[PDB]
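One chain comes next, on its own, written out as structure tokens in the form deposited in one PDB entry.
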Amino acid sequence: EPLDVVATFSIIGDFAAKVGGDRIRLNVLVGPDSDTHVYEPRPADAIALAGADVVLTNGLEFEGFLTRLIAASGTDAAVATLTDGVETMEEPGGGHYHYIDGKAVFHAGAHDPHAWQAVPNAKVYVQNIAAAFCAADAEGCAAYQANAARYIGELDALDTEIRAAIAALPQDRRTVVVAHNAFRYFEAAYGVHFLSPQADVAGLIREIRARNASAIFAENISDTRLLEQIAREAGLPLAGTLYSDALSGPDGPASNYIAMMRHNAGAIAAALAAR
């Protein structure tokens, strides 16, 4: 058309670009290394949304803001929630029951947004994107769909590579530490454990000793100070940085999703193979 596509943040942006190729014009609302967790609304998001045909989002959190700006523009854009069809996990402790009409009804409360850290989930994202584009632009559907199938083949190879790396590790060396745990879907998919803070460093320290955790990793979401406290108290070496919610810049080590995951998985395995 070009199909005008807005993606809320860099990782989804990469997916969009892979699916859309030259048929789309892509704007990404939150770019690499921003001091934002995943996505956060900004008024200037309006300028991109107002021209849009399709808006790609992670989840339901700020779909209010996005759809209110879309209505105000008079645009009529399809909003695709890319976690549709992903088995999302609740945040630790999130649940609770409410006694509606006699029955104790469970209320989910706040899902962990970091679903891309499991590569089978990134396949669903990509499949949802091709569906949304295929939909808004019937003529492009064969191209989107061939782009999607080929990227999904590469994701499949990546998921096997990650599994082959982790499977080579000893069974008693599977635990690392982070100040902020953006990695619960990685832990659910692959054979590794992440400990993070849930005075209470003491609790964490005990589980660290109990699990013989090998290393600590930095990430962009926690502040810096907490990380230094924990390593100091635990006497664990700082092995590197894991990419959680954003790609790196184009000269960094995580300039697209595949490279991001290669990095994370490779750095984790390196630390566990030796620390």
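All residue numbers refer to positions in the sequence shown, first residue = 1. Heads up, when I say rigid core I mean the largest set of C-alphas that superpose within 1.5 Å between the two forms.
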Entries skipping residue 74: at least a third of other ones = no
Across other compared entries, residue 113 missing in at least a third = no
key: Where residue 171 meets residue 172 in the shown sequence, the number of deposited residues left unmodelled   = none
task = On mean C-alpha B-factor from the PDB entry, just flag whether 225-233 or 47-55 is the higher one.
result = 225-233
query = Between 105-113 and 181-189, which has the larger average Cα B-factor in the PDB entry?
reply = 105-113
task = Please work out which residue in 3, 274, 268, 6 has the highest C-alpha B-factor recorded for this crystal structure.
result = 274
task = Check the PDB entry and point out which of 123, 163, 150, 96 has the largest C-alpha temperature factor.
result = 96
task = Place residue 245 in the lowest, middle or highest third of its chain's C-alpha B-factors, as listed in the PDB entry.
result = lowest
task = Looking at the entry's B-factor column for C-alpha atoms only, identify whether residue 30 ranks in the lowest, middle or highest third of its chain.
result = lowest
key: Where the record places residue 198 (Cα B-factor, split into thirds across the chain)   = highest
ask   = Which third of the chain holds residue 84 when residues are ordered by C-alpha B factor: lowest, middle or highest?
value = middle
note = By the entry's values, the third containing the CA B factor of residue 128 is the lowest
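Although not depicted, the form deposited in another entry is the subject of the following passage.
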ask   = After superposing on the rigid core, which residue among 222, 214, 57, 248 shows a C-alpha displacement of 2 Å or more between the shown form and the other one?
value = 222
task = Using a superposition on the rigid core, decide whether the Cα position of residue 32 changes by 2 angstroms or more between the shown form and the other one.
result = no
message = Superposing on the rigid core, I want to see if residue 72 changes position between the shown form and the other one - specifically a Cα shift of 2 Å or more.
response = yes
task = Can you tell whether residue 251 sits closer to or farther from residue 220 in that other deposited form than it does here, judged by CA atoms, where the change is 3 Å or more?
result = closer
ask   = Knowing the Cα distance between residue 260 and residue 62 changes 3 Å or more in that other deposited form, does it shrink or grow relative to here?
value = closer
